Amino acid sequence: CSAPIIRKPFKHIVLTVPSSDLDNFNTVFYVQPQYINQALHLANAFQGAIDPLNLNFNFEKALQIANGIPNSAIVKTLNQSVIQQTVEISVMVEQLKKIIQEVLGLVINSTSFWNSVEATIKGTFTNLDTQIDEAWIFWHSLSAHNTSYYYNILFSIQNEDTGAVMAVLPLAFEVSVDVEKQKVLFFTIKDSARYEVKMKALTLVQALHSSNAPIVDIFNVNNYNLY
């Protein structure tokens, strides 16, 4: 009979490990082991963009931090309302995925990567019930006729396509919906609602820096002295 089709093996690990410092980012890493340290450094550096009191992503400070990272360059930035209409969540995910592709600049060839991107985007609007009390989401302006929240995501990509640099993408959505939280919490890909979505993102590339440091040492790094 037909033998199973084989593909290059990749590990898919959802890691939840206690942090040495504050972390308000839903992190997605598509990199090689020796570059995990570099990715983690870049991730932590962008923590400072999240206002400690109001938990909003500050684009201005994000740029300040960006232009301070050594051996890097800001590819493309974005900061504006990307969705202002009644829409079915399914359709909205496609628009945002296309906008991310654009903002990312570098063209990555990976089904898994783009699936991670889409899955993450879907998670920004659905299955919120399973994400209640997580640091990457901050609710506010709650009402019986409205539900607002902040959602912070950070993509870190490095592979054959990126070449000599690693791409980092601090992404933050300011979402507002014309419904009550109890309904929003159980929203599915097929649901519709009047949405107001603002997006703040910037893609930064930094020269590849290999590191085979002791794994624990890597996770002991804090959000200080990085840029």
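Sequential numbering from 1, following the sequence displayed.
Across the two stretches, 79 to 87 and 120 to 128, the PDB entry reports the greater mean Cα temperature factor for 79 to 87. Once the C-alpha B-factors are averaged per stretch, 188 to 196 and 54 to 62 rank with 54 to 62 first. In the PDB entry, the Cα temperature factor peaks, among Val175, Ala164, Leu169, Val31, at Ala164.
Taking the deposited Cα B-factors for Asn44, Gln182, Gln38, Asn26, the highest one is held by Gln182. Ranked by Cα temperature factor within the chain, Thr147 sits in the middle third according to the deposited record. Sort the modelled residues of the chain by CA B factor and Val205 lands in the middle third. Sort the modelled residues of the chain by CA B factor and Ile218 lands in the highest third. The entry lists a Cα temperature factor for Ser112 that places it in the middle third of the chain's modelled residues. Among all modelled residues in this chain, the alpha-carbon of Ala73 has a temperature factor (C-alpha) in the highest third.
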